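Before any comments, here is the structure.
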Amino acid sequence: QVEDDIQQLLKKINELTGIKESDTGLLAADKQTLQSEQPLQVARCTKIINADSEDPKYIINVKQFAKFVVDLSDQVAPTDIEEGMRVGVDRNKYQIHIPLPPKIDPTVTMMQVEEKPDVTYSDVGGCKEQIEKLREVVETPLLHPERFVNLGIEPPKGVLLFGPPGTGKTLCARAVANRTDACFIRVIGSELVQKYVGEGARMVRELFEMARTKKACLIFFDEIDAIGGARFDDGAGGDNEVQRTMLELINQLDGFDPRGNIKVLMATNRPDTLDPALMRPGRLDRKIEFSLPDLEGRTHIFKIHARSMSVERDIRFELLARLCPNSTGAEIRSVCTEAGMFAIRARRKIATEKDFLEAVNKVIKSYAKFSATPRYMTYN
Amino acid sequence: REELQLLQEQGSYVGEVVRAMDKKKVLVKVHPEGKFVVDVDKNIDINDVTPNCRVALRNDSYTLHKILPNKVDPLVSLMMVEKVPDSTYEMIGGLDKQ
Amino acid sequence: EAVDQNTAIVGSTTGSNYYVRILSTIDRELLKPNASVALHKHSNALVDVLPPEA
Amino acid sequence: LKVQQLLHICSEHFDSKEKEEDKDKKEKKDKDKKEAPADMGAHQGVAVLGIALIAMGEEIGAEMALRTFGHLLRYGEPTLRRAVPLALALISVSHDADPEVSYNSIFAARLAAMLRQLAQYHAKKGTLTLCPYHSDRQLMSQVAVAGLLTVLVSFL
Amino acid sequence: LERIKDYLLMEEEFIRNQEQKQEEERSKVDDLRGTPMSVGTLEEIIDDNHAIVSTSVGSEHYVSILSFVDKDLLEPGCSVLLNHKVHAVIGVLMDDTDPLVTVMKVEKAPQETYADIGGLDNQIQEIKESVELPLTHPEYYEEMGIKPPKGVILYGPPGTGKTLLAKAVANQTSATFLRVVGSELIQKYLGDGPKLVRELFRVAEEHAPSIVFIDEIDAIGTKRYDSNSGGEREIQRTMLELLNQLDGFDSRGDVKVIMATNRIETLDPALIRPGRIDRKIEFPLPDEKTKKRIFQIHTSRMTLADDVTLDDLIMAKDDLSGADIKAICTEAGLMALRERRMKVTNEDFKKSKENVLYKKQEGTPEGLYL
Ligand SMILES: Nc1ncnc2c1ncn2[C@@H]1O[C@H](COP(=O)(O)OP(=O)(O)OP(O)(O)=S)[C@@H](O)[C@H]1O
């Protein structure tokens, strides 16, 4: 009856305090513009089937209602009211006012990047051949058409990527986006996974229709396994919507007046299971791949992940790079962050090379050998 | 009988109240249609604005007329989807341990 | 549905659904759940209960 | 009984005995501080929102207190927008500097700039900590008054 | 005897919660609003004070905004207020607080705090410095300039405290918590997994910094159902969408992603690699000493005699869990109300001991081995 008393009568004093407060209780920004905009107009938007000859006589379905023979208001550009061009139409008079850009999609405009991440080429060290060839493919013709056209040669429209998971496909893709100067577009390879039949065809449609209007743009595919591996045939009808989506992506990718000025960077972690229709060049020319960091590129990744932290100057980098032959730059990043966290476990402010020893001899032992657990000799 | 033009008065709309909002204002999804923030009358009760309740809504000005009873019965609907054998103790004889 | 006397809900065959009023010409037993009913054009209020048809 | 006296004479038409008389709360119920959240922000006598704004103060300042600084952070009068960063950064002696740059988002007056500076200073029943902020409670005044503003010596 | 204050404070709380002109410019803005303030949905935004909306059935208009409520509130994919007379955009509507939020966004710090552990005090420190210290006090990342670790994996035997630590991080929290059971990611349609992934983590990314906790994620690789369309060539697509979601692009955000498994062997090596998950965390069954701490905590608020030694319940069984000790406590309570006593004696512990070790740990009918 101590804590009981305490909770009970303290909440009761609270409630009784609240009761007498429940009893003690008892613009010019744009308004004139709005009253001037009651003489504005409703301007319902529509869609055009076709014109007629020698006279406008425009034939329009709204989107839903019916189909009508209408005539334009005299305030139009009498030329640019062409077919399929979504235009605004009066309520009463059914007269047309201004064409506006059409329906893009409900959620496919939402994959343009709209920013620029601060991933820089300097952070992608150890792949200098990949750096320079990616430079040559992407950065040079889209900003400096100096050597290509002036001799009369073409730039390659297509480049594929793969490699070990944790190597820098993400890094290179985000690293272009710092110095893009282009309309970069993100495409997940799982975006084509819809419910309804032939919808991925519409997805490829609106992808390339966003690509065509704005000029000199980038579209990035990612994890193109789900886009489809092959052209399997069996008596059960399996991978079909994915298959037609894949072939429509091939067609509206290239062929019969192809893409124009778009560069597509493709990435996967299983390139061996790809159909030859994607693998044949013209569609994708330079098959640039990624290897493991085998040499002092490892030490350069150490210098990247260490230049943003105040360290002990008495340290080396090649020793741990010897101790991590097969490792990835993601694992390098984990070790560097983990050693920094070991230094933050301490109340110091500068790490040790022994903190790197802690990170190596903790990660590569505890979480590259305890998963999975051995409990058996049999070998040694 | 001269005052039967009360019965000759215009009809009204049955709707769906989600929940009310500020400044004595409410919300109605009507019969096939979307949402319509509608205005309250004087002879009604803001303190009876229930979640998912039909109310009498006027059609001209969309003013609240009256509360409509007998809302939904959703669990009763799923129960009538089931029609389990309704039981009591007097019929599971032969065993009482369980 | 029937709210009470002189007030009911009917769903007309426009698909929509209306808060309406009923007449004292209708004998109140012919509502039972569901009758073919008669309405008005302008005010759209109940006028009459029909015999079994449709 | 003086808390229901607080309830009745809290409604007094003279609105400065409201200020100190309602301001007594952080002295009174400082230990049973779960009742200390009250509806002073739900009231309208803007100095009362100042009073609760005092009443949070400086201890360790849980998420409910900073949640009250969600609304108390956003106000327009320069003495109350001035009044928020003082106890706001007393109650915390990004995270800490996140409401500070939020105040940079609030203004970007001169008072507000001064208030922001005070908040920055704050960022970085013993009677000695009880006196000088009740000495601070008449802040809406000259810098001659603020010549003594630096005499609330309550920290080691 | 505490029922009086309980009922009175509850009724006072409910009544004070139920306790919820001068301005002419505001009334003029009211009169610029219609009396039937209709509701629509946006498609695009055009800078010339008007944009394109859509009706319920699909009529679309160029209608202008009552400009005292801001248009920066307006995003494509929002519900707005429209007029009837010129159908003008009237104002901002509070959003559809969809059942994803009301199910997943748990507002409540659930149960006992870090004093409800057993065999912990390193892994607490790991999850603390990997989630809480990035949340509450990330001034040390100023002091050095290093990324916080990203992902957390809880793994061990069933009944170890995956559930308990998940409730612990959601107890001490200041961010919005989300919870998913890993068996939900297969539905009776083609391509419903990636839609769940995108809308789930979009709602995670839209509100605030947050924590996403998913549990029993291993139930997607080693599970098949007759309630499944497509199959493995849709499970792989679900996995691949979550794969791009976790280690994708565009500055993912302050959303700590914490996972918890029973087994670890049947999982994608592309998903346990860092970049995705930086702090893998072992949960072994820790020690025979903190058995007594779990017996202490789970009997800290029940009257019990002395009458027992926990060493008798240390030298009984070789694998230890809170699922052991809480079952012992509950079965002891069942034997207590079975014999209508309090101050639980030794024989309740002994019969509870034997019946809990049998139900269940034996394996398998004799014999085998023995
Ligand atoms: N050479 C490198 N230098 C610096 N950081 C690197 C390097 N290689 C990998 N990383 C790190 O590893 C991650 C790079 O993204 P990746 O893991 O390579 O994504 P990914 O290449 O698409 O692999 P997937 O998704 O499994 S195909 C980031 O955390 C980088 O910081």
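Every residue number used here counts from 1 along the chain in the order it is shown.
Positions of Cβ are set from backbone N, Cα and C atoms, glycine also.
For A:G163, A:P164, A:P165, A:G166, A:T167, A:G168, A:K169, A:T170, the entry in Swiss-Prot reads ATP binding site, with the evidence type sequence analysis. Here the Cβ of A:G168 (ATP binding site) has 26 other Cβ atoms within 10 Å, regardless of which shown protein chain they belong to.
Every protein chain considered, the tally of other Cβ atoms within 10 Å of the Cβ of A:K63 (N6-acetyllysine) stands at 14. Residues or ranges marked as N6-acetyllysine by Swiss-Prot: A:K63 (among others).
What Swiss-Prot records for A:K369 (among others) is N6-acetyllysine, and it gives a large-scale study or a structure entry as the kind of evidence. Long-range Cβ contacts of A:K369 (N6-acetyllysine) within its own chain (separation 6+, distance under 8 Å) are none.
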Beyond the site residues A:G163, A:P164, A:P165, A:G166, A:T167, A:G168, A:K169, A:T170: chain residues whose C-beta lies within 8 Å of the centroid, for ATP:
A:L171, A:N269, A:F290, A:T328, A:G329, A:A330
Can you tell me whether DSSP puts A:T170 (ATP binding site) in helix, strand or coil?
helix
From the recorded positions listed here (A:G163, A:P164, A:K369), select those whose CB sits under 6 A from an atom of ligand 1.
none
Between the binding-site residues A:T167, A:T170, whose Cβ has more other Cβ atoms within 10 Å than any of the rest?
A:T167
Would you pick out, from the binding-site residues A:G163, A:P164, A:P165, A:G166, the residue whose Cβ has the largest number of other Cβ atoms within 10 Å?
A:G166
How many neighbouring Cβ atoms, not counting its own, are there within 10 Å of the Cβ of A:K169 (ATP binding site)?
21
Using C-alpha atoms only, work out the spacing between A:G166 (ATP binding site) and A:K63 (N6-acetyllysine) and round it to an integer in Å.
48
Interface-adjacent binding-site residues, chosen from A:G166, A:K169, A:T170 when a CB lies under 8 A of chain E:
A:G166, A:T170
